[PDB]
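Chains as they are written, first to last, in this note's numbering: chain H, 1 to 200; chain S, 1 to 200; chain L, 1 to 200; chain F, 1 to 200; chain X, 1 to 200; chain B, 1 to 200; chain W, 1 to 200.
Take a look at the structure set out below.
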Amino acid sequence: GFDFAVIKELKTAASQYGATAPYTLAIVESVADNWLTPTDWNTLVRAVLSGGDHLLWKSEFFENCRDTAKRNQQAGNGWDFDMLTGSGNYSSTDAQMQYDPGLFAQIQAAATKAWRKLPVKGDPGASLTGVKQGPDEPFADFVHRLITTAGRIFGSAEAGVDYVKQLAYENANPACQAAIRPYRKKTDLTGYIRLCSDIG
Amino acid sequence: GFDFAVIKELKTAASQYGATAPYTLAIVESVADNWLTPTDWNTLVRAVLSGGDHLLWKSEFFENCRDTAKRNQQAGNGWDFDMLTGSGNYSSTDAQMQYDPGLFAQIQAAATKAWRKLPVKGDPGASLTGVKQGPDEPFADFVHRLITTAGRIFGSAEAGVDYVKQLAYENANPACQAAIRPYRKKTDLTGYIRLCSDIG
Amino acid sequence: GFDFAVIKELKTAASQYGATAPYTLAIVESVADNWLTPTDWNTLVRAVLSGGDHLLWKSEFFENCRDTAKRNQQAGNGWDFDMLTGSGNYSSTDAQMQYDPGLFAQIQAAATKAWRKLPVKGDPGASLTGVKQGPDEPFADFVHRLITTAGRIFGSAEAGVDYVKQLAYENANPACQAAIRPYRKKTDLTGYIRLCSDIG
Amino acid sequence: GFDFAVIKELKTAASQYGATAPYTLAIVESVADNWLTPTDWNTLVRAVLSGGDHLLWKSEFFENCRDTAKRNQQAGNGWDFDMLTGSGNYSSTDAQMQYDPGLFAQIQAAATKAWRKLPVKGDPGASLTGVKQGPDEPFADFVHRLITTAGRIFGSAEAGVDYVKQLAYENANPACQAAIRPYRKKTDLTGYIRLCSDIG
Amino acid sequence: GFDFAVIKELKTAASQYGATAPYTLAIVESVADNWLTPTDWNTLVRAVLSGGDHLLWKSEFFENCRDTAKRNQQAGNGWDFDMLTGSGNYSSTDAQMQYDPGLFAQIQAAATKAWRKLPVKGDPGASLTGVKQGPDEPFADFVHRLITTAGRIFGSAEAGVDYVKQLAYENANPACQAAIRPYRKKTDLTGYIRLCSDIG
Amino acid sequence: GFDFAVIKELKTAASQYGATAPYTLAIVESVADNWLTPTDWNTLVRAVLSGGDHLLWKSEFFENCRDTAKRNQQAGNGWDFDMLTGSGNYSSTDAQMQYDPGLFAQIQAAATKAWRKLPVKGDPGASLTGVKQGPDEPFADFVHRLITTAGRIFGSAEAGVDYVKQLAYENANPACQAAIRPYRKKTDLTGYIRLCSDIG
Amino acid sequence: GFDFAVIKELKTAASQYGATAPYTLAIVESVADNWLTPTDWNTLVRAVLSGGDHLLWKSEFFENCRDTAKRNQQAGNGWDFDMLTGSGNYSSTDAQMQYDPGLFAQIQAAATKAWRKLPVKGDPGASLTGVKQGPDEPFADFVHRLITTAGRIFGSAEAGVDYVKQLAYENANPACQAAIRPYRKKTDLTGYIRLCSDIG
């Protein structure tokens, strides 16, 4: 089916998380769940994504998939042109929907393979390590935001380290961080959540 | 074909990088390139991997793939039992090799889908952030090792940050780090490669 | 097949590890993988091993296996003499190879049962607890050697204890141990690998 | 024939020298020596190179070469579609190998023309002017490396100038450069090779 | 067609830039655009160029092109003598114009291949690094001249470096350079264009 | 008709003004006035412009225009392939000129729609806010240049503001600006044109 | 037969020794040992050598050898055109191999005569008299290198003279030469080999 808003949302996450974050490809493959055409899949993506990424993925589609077609006719499928074009001649919606289910397996695998291929820019997440917690904002909630998105981008929650500790420290508001740095070194989450829980 | 050593190597990388590092799944899908049986694929993996991971992936194989079979017979493939068991009745090597190429697409997609599913433990890389550069070891080569594997695990080379700077610092030998910390703060790779290039 | 060198190697390990170390019986059963004659198995072992061990195992073979034959003819196998002698009358290589596969199961089980029976001397590993690390030798590599072989003999890596700590200590070179004992008590592997990493 | 490693090597040189260094195009035209298909030539290059470069060169291939086809049919060749597509309809390996030798001349000229067209990024060589000679590394060998690669990139050995002299100076180790700068100004290669030839 | 003046101009650029500067071969291949005879091409070049270069290129023409003819008759072109002489027997203008278009591809490729081969002297550009800006001449325009021609010869605009900075410095008039050297070190183009913009 | 020089000129303005300045699209649509082929329009633009921009615009041409073709055949035009390819099969110049005038309306609208789509880099005008008036150059003429081009890029003459006042100030020569800043704050164009009108 | 590497090696020696050193012509005549075509001999040499040398030798070949042909037909050989062209009409490999053995004598003599004719530049050996022994390098081995190559170029080992003595002296490292010059004048090889045999 046509996913509209969640597509927009993953595009937003793609610009913040990058088309490499376990998040993004997880959602990719999640949407790939449905028997549907790569044609509109890719029109959709080039709508959210930017052109050359798209057309490159689809050109490598043509190349590798028609090599697969070589193999398929070595095995003798008798296919690979029309659907395995994205749209060959009359793939107008349903005429493309005429997929073989194993042909659907092929097309879905190829689309996700493509999407898997091309590299992201390489720097959409800097915000994570960046400025701080907002001063008025609650601290532990900010830290929770931090570790959750750090798992999102780093790929695991188990990135937490004195690196992450001083990341939160610098990111804490001047009040809370100014309490923590004189508080102790080797200070753990319990100390922070204990201390800075007020407004004043 | 039977990949032996590189399989061993990815298993080693899986215990160090984890079955989440872009490295590991990249190699997974790279090996998935060949028309072959998921049966020996999975026997291989359960040989390198540990059992429950394997049999769980293959049970979810059965479940989701026989739902796919529901759909396939809604479309009317007339298949999904024998090959889409891993081995149904007489999948003895070649009799399994009797795959439909679209059936191969399905099985490869399902295997990689499974492997994609289950979570790693969550902490095979601690060594990265860990002890140091060896004292006798050359420093810049160590740093190169660091950023390369940091890209391996973090998923991008663009993790480098004053975090990574003090990571190298602590990791540098007492000589080089003892030169760098008095040297300057805000010190970049050029400074390190400049300074500590000797033996004495 | 004829394993030559690895047999020699396990014999070496048997004199150092003893025919009790999980290592040795693991390799025993690993070699037992093949449909082959206990005859040459045992000629091989008595070649590496020493006679009375061998002939005793094979005498208990005769005894328990011919009791098994009692049972087999209670069930009525109609066998147990020729092959279940090791060589009865014309077991000359292939004529012995005429094994029943369930007969092979029996013979392999009996051979490994025998090998399992007789006791080792009781002291081939003293070297482990013994003299030291060589002075010029690297320390942490020595310690790694220590814990690996300690797992080999003790049967688990989880023998490591302040016992093992002072074992390494005494075993460390006079330099490193003379650094460690004044360094601290309750000192862990991190401390050792940290300190003694040099040559001078 | 299939050049594998040297292709990898020129790709490495392309990232260091750039697809403009006399080196790179010299090797390009050197490989172009053989009667072979631009199809796999270009698949190869897009394998080493990055996509848009490739497909752009091949699109301009289509454009200019089909203008050439205009001319060819003004002269009346009766060709330019199938081979002069890269693969028109059945250029499957040998069916493409069905080239006319003058048609091969055309295709080789067109491929090299394309490759000649598109511009490099513009900065893969900075290393040349960059950090230094390694301190332990021998100096004159480093200088030799310098002038050789300077010829590689600049296109001639006759770039050597007091620019290059102070380039080597800065690049020399602190020992050798600290000897040379007090040594003299207007110092030539003979002076450097004379002075810094030791270890200490 | 007969290019007269631009040929003269590239010859001038060849004596200043050398028959290696991306400029010169770019113009070479640009003129090669037309279906025409290598005969007058080469008469033209030996008119601008100097003899041995020419006749050497054309001798290697004969050699490599008649090896190509070997191959062509292995493929069976049935040609290579008359046109693939430059003029065999009756190549008098139009009778040479009787080229096959694939034969034209061959001849153009061969001519440009030749021209590509032979080496320049090795030092036509010294003027670039040389004397200075004229004193009365405007400085920034001179610098623009510098970087443009430096791109011409070096092959890229990205040669600009403190080398090029002191090149302009020395090249600046005594007034402007005498202002700049006391002005600052690490001075960029903005500083120069800012300062020396006057006459007095 | 073939516009040559003005095309070059708009390309120059595109690199200085950007393909967003009201100037550039005004000229675009001005040239679009003529019944002509998008084919050569786009060959022209990709000649001045850079490839991916072009081919992207034309790919979106294919996509949206063949959706328009969907609609056209819902209305039943019976067209959209050959001309609405840019060149389908025999669009060789006149055979493309066989456009329907409403088909020309479509193609012109599509071409300008494309050109309208893709984004400029985002920074070709910095010169505007940049260095200054040349010292010898007349001031008010420079200011006139400023406001005219500021209208060109900003899209209106009504950008003039104390921002623009200090822009001219900084841009004025040291003489004139050094007269104006002590002259007054809130100084208008009349003051500047009054004061700095001399040479000395 | 095709000598590849040794040809490369003599070319290297030709650039260092010059095509006059007894070495080079000795190797020339050594290779001339085989009944083979001067055609590929000369293609080979012009591959290692540089063109005008080659074609000049072969032009004088034509001249003197066709004078020899004058004489041959005064004696009435009835030959000298085809083979005594290098390749007359159908000297394609074997058809050239159709040499008369006395004709081979003629062609070999002519080729070596040519090669004997033309003069070397006149200065490829300066290195010999040049910089020094490397400081770390062993001295007597360096001296051995010296006299061996001095025999190579000078044509005899009996060049050794107080000239050669001070050549080695200057060439000795500062240590050894600084020992020798105060050691004695009229010092012979025995003194040097005696003294400087150490490292320190």
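By construction, the Cβ of each residue, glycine as well, lies at the ideal position given by its N, Cα and C atoms.
Beta carbon proximity, residue i to chain B, threshold 8 Å
i       : result
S197(X) : yes
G52(F)  : yes
Cross-chain neighbours of residue i in chain B, by beta carbon under 7 Å
i       : result
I193(X) : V131
Contact test: residue i Cβ vs the ligand MN heavy atom, cutoff 7 Å
i       : result
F142(L) : Although the ligand MN was asked about, the structure shown includes no ligands whatsoever.
Beta carbon of residue i nearer than 8 Å to that of residue j
i       : j       : result
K117(F) : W57(F)  : yes
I180(L) : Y163(L) : no
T12(W)  : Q96(W)  : no
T39(S)  : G76(S)  : no
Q106(F) : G130(X) : no
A14(H)  : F61(H)  : no
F139(W) : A172(W) : yes
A32(B)  : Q108(B) : yes
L167(W) : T149(W) : no
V6(X)   : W115(X) : no
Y23(B)  : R145(B) : no
Interface flag, residue i vs chain H, CB-CB below 8 Å
i      : result
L44(F) : no
Residue i: contacting residues in chain B (beta-carbon distance under 9 Å)
i      : result
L56(F) : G51, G52, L55
Neighbour flag for residue i against chain F, beta carbons, 8 Å
i       : result
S91(H)  : no
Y163(X) : yes
Interface partners of residue i on chain S, CB under 7 Å
i       : result
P138(F) : Going along chain S, no residue has its Cβ under 7 Å from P138(F), so there is no contact; the nearest lies around 14 Å.
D100(H) : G102
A75(H)  : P101
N72(H)  : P101
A109(H) : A105, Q108, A109
Proximity test, Cβ basis, 8 Å: residue i and chain X
i       : result
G134(B) : yes
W115(F) : no
Interface partners of residue i on chain F, CB under 9 Å
i       : result
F154(X) : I153, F154, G155, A159
Chain W contact for residue i (CB, 8 Å cutoff)
i      : result
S59(X) : yes
8 Å Cβ cutoff, residue i in contact with chain S
i       : result
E170(H) : no
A105(H) : yes
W41(H)  : no
Contact set between residue i and chain S, taken where Cβ atoms lie within less than 8 Å
i      : result
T20(H) : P22, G155, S156
Where residue i meets chain X, residues with beta-carbon distance less than 9 Å
i       : result
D123(F) : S156, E158
Below 8 Å, can you find three or more Cβ-Cβ pairs linking the segment 89-106 of chain S to the segment 11-30 of chain S?
-> Taking a cut-off of 8 Å for Cβ pairs, the segment 89-106 of chain S and the segment 11-30 of chain S do not touch, as fewer than three such pairs fall below it.
When the Cβ atoms of the segment 184-200 of chain B are set against those of the segment 47-57 of chain B, are three or more pairs found closer than 8 Å?
-> Fewer than three pairs of CB atoms, one per stretch, sit closer than 8 Å, so the segment 184-200 of chain B makes no contact with the segment 47-57 of chain B.
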